[PDB]
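Everything in the sequence shown is counted per the deposited numbering, starting at 2 for the first residue and increasing by one. Backbone N, C-alpha and C define an ideal beta-carbon position, used for all residues, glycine too. Note sheet for the following structure.
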Amino acid sequence: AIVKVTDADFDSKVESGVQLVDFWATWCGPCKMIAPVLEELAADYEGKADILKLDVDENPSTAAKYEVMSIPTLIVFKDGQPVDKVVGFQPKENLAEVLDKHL
């Protein structure tokens with residue numbers, strides 16, 4: 002499952018190991034398309050990486066902090082630090098690759 006994160010608890014949820022953060026919004030069409038792909042990816046990495054979702058409308062601060070201009074945007078965090086960024090729709094194969102590159 003994908004845990005939701007907000008401006009209030011972002012810093013405590015990300016400090017961990019490797020985490021993929023999905024910056025989305027309800028009005029985002031491409032985000033709706035990648036949603037199911039992330040749910041599957043999450044399962045393929047249980048115990049390896051955490052996948053979080055952050056609604057940019059209700060959490061503008063975190064979106065501003067990491068320069069999230071367009072969505073969908075996915076950022077890979079490694080021990081509290083952003084190490085990679087992926088923009089737009091992406092196939093599960095391409096997302097898994099990006100994660101493996103940091104595990």
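Quick check on residue i: does DSSP put it in helix, strand or coil?
i    : result
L104 : coil
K49  : coil
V69  : coil
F90  : coil
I35  : helix
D56  : strand
Whole angstroms is fine: what's the gap from residue i's alpha carbon to residue j's?
i   : j   : result
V4  : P37 : 14 Å
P92 : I35 : 8 Å
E59 : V99 : 27 Å
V57 : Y67 : 11 Å
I52 : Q20 : 6 Å
Are there 16 or more other CB atoms within 10 angstroms of the CB of residue i, so buried, or fewer, so exposed?
i   : result
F78 : buried
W28 : exposed
Measure from the alpha carbon of residue i to the alpha carbon of each residue in the options, then state which is nearest.
i   : options           : result
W25 : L96, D8, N95, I72 : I72
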